[PDB]
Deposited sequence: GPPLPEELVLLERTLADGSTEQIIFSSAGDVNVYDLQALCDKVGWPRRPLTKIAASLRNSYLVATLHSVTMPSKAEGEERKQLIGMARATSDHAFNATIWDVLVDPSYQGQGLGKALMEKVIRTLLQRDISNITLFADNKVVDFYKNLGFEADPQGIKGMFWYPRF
């Protein structure tokens, strides 16, 4: 559940599966990457209803990474909202976070791990093993507004 990813010095990055994510901290994190504000009670509703909530913390605690997944607790998991503090990207942390996400889902016996990737991020997930439109399957949205 908890786990020290790395340690540096001039700081240790901790990965957790607890979901101890305070919605104010996550609102800050989201703002840094330019995601639009959303009602904290709705954010909190979506975290409370996420089968998996994974976090990166930089204890010197500061939330610097998150991923989450909805699942039907049996067959299928979908990964929404993975993000790493901009001051921390390029350090291999997005990779680490995802890698424990996939492992934790595989341990809970979810064999169908899916996501929806934006154009500029598809190649980061292809590296980790994800494969777009396998055998022609297509991901579809009802009247999107992106």
| item | value |
| --- | --- |
| Missing residue ranges, deposited sequence indexing starting at 1 | 1-5, 16-20, 71-80 |
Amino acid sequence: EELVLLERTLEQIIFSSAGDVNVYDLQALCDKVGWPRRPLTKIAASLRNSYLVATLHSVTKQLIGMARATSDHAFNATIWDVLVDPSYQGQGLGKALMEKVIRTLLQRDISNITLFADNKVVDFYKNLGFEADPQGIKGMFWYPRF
From here on, numbers count along this sequence of modelled residues.
query: Unmodelled residue 122 in at least one third of other entries with both flanks present; finding: no
query: Coordinates absent for residue 23 in a third or more of other entries; finding: no
query: Mean C-alpha B-factor comparison - 78-86 and 27-35, higher one; finding: 27-35
query: Segment of higher mean CA temperature factor, 116-124 or 46-54; finding: 116-124
query: Residue selected from 107, 70, 111, 60 by maximal Cα B factor; finding: 60
query: Where the record places residue 129 (Cα B-factor, split into thirds across the chain); finding: lowest
